[PDB]
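Enquirer: Experimental structure and sequence below.
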2 protein chains.
Amino acid sequence: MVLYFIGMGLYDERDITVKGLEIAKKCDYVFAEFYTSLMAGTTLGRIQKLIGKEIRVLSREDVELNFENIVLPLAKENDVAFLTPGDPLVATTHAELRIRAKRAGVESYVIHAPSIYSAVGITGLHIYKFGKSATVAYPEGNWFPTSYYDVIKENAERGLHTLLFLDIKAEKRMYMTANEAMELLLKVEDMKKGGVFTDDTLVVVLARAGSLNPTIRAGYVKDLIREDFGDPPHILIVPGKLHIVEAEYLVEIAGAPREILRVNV
Amino acid sequence: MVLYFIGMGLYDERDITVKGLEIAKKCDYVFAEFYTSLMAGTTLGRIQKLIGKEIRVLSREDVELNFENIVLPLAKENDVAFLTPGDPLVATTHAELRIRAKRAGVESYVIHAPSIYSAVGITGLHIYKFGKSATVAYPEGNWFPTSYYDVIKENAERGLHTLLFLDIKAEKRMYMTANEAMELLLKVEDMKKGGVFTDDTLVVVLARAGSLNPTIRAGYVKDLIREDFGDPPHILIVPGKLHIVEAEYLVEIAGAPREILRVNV
Ligand SMILES: Nc1ncnc2c1ncn2[C@@H]1O[C@H](CSCC[C@H](N)C(=O)O)[C@@H](O)[C@H]1O
Ligand code: NA
């Protein structure tokens, strides 16, 4: 009787750690969700094939309202695994599920996997220089989210980089592109006018991290806002003050304008 | 003609991803470094047996000063793998290595793995609330660095959490414990008296992340400063003001005192 929170990683079924795979293979029941992120390089079939078990996919409602009714009951008499994209506890509310497990007398263990949060390292930006992170959320009806704009501003004043997770509506199959995130940010800039995000702002786009050929691009909003970065998932990053080697990397690897090599100390 | 930056993960040889293991097995030559960090839950022998290849260890100088003379030459006519603890390119200087590859006409791909940057999510603290990160260094001689103290201050001031890496002497295999980190910070507080780190400061300790039995403890400095958190590596976190949900996880999972439910929320 035990519950394992196992991350499947960034892009495909092979992004799971060996630890996670060997443990999953031996579990009596295997559950999973695919609404907290998008694994663009795999399918349930390949995952099931790899694990050798039938996987039951849970919806956000199943998890958020019925985890203790669907999963925990089985964990009391068996070994259960709950799979999620990337790392199970990063930018999700799955951590709270460990409390529910506890209160049900079920021991839980966490098996990490590569996460988008650390994969930003591939952009060449020093990961220790990232500040507070935020999520660019799709406006809905008359409600237009904007706090993420304030995060960029706060980080920028401190010279820190800003990681922007992009919205996702799995059931509607909606995956926010970096382009849409940029459009929303310009609209918020027009609203607040803090000179935080404009056509001249340098940004970095990372798409489908985890694949052998992710899309890594850096440049000014005016030039990237309409560029095709390939299929989702995408994340947008607004760098703060750059170190020379960061700029060098963005130019050499992410095709940024050579002019950014000239940093303003 | 191809260099593969492959992450070994957090704690033991099984923290590498299935993708990383399979690719490593197809490489003609396999290099690894254990100076940016160490896999306390395994050995070079166990990693070699898992990969089924002989692994050549590289020192910090081998990499920083001679990467292009030791690794790249072979990558020109073979498939080569460069293994590192955690997720590749997280270590500040590693991304630049890809520029060296490009310059040498060598293709490079990144195979991600679990990083402490995302693994700390197991402490229950929301990942988006983490601010700038820092490393607590041992003072020595006339040198007493304290910038990490200022990082905590700026972060906590904005309600952000601070991830603190503890000093490590790879070659000498000596790790700074969370206990030593706390003592050091109290000492720094005594000199700067900014009211940033005191006996009443709430801290979180994460030890052996990646292991199936990690140590996750949360409490006030006065009660944790002499507690035994087990074997290294240790990571110290100074949380900013907590979301009730974070506080609850810390109490139920990290054994934190109920007092934080009213004092630090
Ligand atoms: N492989 C990938 N490439 C680019 N962005 C990704 C990504 N995986 C996740 N994301 C980003 O993060 C959002 C999901 S947030 C959940 C993250 C997950 N627990 C993890 O550990 O990665 C997506 O909407 C997207 O903006
Ligand atoms: Na961070």
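Expert: Sure, I can see it. Numbers count the residues shown, from 1 in each chain, chains lettered A, B, ... in the order given. Ligands and ions are numbered 1, 2, ... in the order given.

Enquirer: quick one, strands of chain A?
Expert: With DSSP state E as the criterion, chain A has strands at A:2-7, A:29-32, A:55-57, A:79-84, A:108-111, A:134-136, A:162-166, A:168-169, A:174-175, A:202-207, A:215-220, A:234-238.

Enquirer: would a markdown table of the ones you listed with mean neighbour count be doable?
Expert: For every residue, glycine as well, the C-beta is placed using N, CA and C. What follows is the strands of chain A, written out as a markdown table (neighbours: other C-beta atoms under 10 Å in any protein chain shown):
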| stretch | mean neighbour count |
| --- | --- |
| strand A:2-7 | 24 |
| strand A:29-32 | 20 |
| strand A:55-57 | 14 |
| strand A:79-84 | 24 |
| strand A:108-111 | 22 |
| strand A:134-136 | 20 |
| strand A:162-166 | 24 |
| strand A:168-169 | 16 |
| strand A:174-175 | 15 |
| strand A:202-207 | 23 |
| strand A:215-220 | 20 |
| strand A:234-238 | 24 |
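
Enquirer: now for these, which one comes closest to residue B:205?
Expert: Residue B:205 lies closest, by C-beta to C-beta, to one member of the strands of chain A: strand A:108-111, at 16.4 Å.

Enquirer: mind exporting that closest one as CSV, just the C-alpha atoms?
Expert: Only the C-alpha atoms of strand A:108-111 are listed here, as CSV (Å, rounded to 0.1, in the frame of the first residue of the first chain):
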residue,chain,number,x,y,z
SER,A,108,3.4,8.8,-0.6
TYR,A,109,6.8,9.1,-2.4
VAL,A,110,7.8,11.5,-5.1
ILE,A,111,9.8,10.6,-8.2
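
Enquirer: and that strand, is it in reach of chain B?
Expert: Yes - counting by C-beta under 8 Å from any C-beta of the partner chain, chain B is contacted by strand A:108-111 at A:109-110.

Enquirer: Residue A:197 reaches residue A:188, doesn't it?
Expert: Yes - counting by C-beta atoms under 8 Å, residue A:197 does reach residue A:188; the two are 7.1 Å apart.

Enquirer: Which residues are in contact with each of those two?
Expert: residue A:149 (C-beta atoms under 8 Å, 6 or more residues apart in numbering or on different chains).

Enquirer: and residue B:63, which of the strands of chain A is closest to it?
Expert: Proximity to residue B:63 (C-beta to C-beta) singles out strand A:215-220 among those, at 22.3 Å.

Enquirer: List the strands paired with that closest one, with their directions.
Expert: With DSSP bridges as the criterion, the sheet partners recorded for strand A:215-220 are strand A:202-207 (antiparallel).

Enquirer: now the angle between strand A:234-238 and the partner strand, please.
Expert: Interaxial angle, strand A:202-207 versus strand A:234-238 (axes from the mean of the first three to the mean of the last three C-alpha atoms, to 10 degrees): 160 degrees.

Enquirer: Quickly check: strand A:202-207 near ligand 1 or not.
Expert: Yes - against ligand 1, strand A:202-207 shows contacts by C-beta under 6 Å from any ligand atom at A:206-207.

Enquirer: For residue A:165, see how far away the residue of the stretch 1-150 of chain A found nearest ligand 1 is.
Expert: Checking the stretch 1-150 of chain A residue by residue against ligand 1 with C-beta to the nearest ligand atom singles out residue A:86 as nearest, at 2.3 Å. Using C-beta to C-beta, to the nearest Å, residue A:86 is found at 10 Å from residue A:165.

Enquirer: Any chance you could list residues touching both of those two?
Expert: residue A:116.

Enquirer: residue contacts, residue A:96?
Expert: Remark: with contacts taken as C-beta under 8 Å, 6+ apart, residue A:96 is in contact with B:245, B:248-249.

Enquirer: Grab the nearest non-local neighbour of the residue sitting furthest away from the middle of chain A.
Expert: With distances taken from the mean C-alpha point of chain A and given as C-alpha atoms, centre = their mean, the most distant residue is residue A:77, at 33.3 Å. If you skip the residues right next to it in sequence, residue A:77 has residue A:1 as its closest partner in space, 5.9 Å away by C-beta to C-beta, 6 or more residues apart in numbering or on different chains.
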